[PDB]
């Protein structure tokens, strides 16, 4: 009995695990996730960078990062407004790095940006036409999280 009951329960658990994964797939699909493409999502709430990082981390994601023009366009279409990107030069001025580590491989700065304006701007937002502008991390912009392809 015992061993049989246990084996049966292990079978149910694995079935439930598959069932949850299906739920996750269907959710992503319904939200527009494209096949083999990163899933970007927003609640359309504007908050300071620290909060954005906190929120995405809590959802086990990361602040959205465009690796190329294709992803930059996808992020733009999702936010529909100015949104923080997972890129900052907080650690070392002038040297932008992804919040997940690494230096920039792709950028789409606006005319005369980055300018580290005034007191200093260490964060980055994707604005009009998907162009970038560095801004104060304390400002409040749309939170856009990223999930695996």
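Residue numbers count along the first chain shown, from 1.
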Averaging the C-alpha temperature factors as deposited, the higher value of 104-112 versus 42-50 falls on 104-112
Got a sec? Mean C-alpha B-factor, which is higher, 27-35 or 87-95?
-> 87-95
Rank-wise, by C-alpha B-factor, drop residue 145 into the lowest, middle or highest third of its chain.
-> lowest
Residue 64 CA temperature factor, ranked by third within the chain = lowest
Chain-wide C-alpha B factor ranking for residue 138, given as lowest, middle or highest third | highest
By the record's CA B-factor, is residue 2 among the lowest, middle or highest third of residues in the chain?
-> highest
Where the record places residue 15 (Cα B-factor, split into thirds across the chain) | lowest
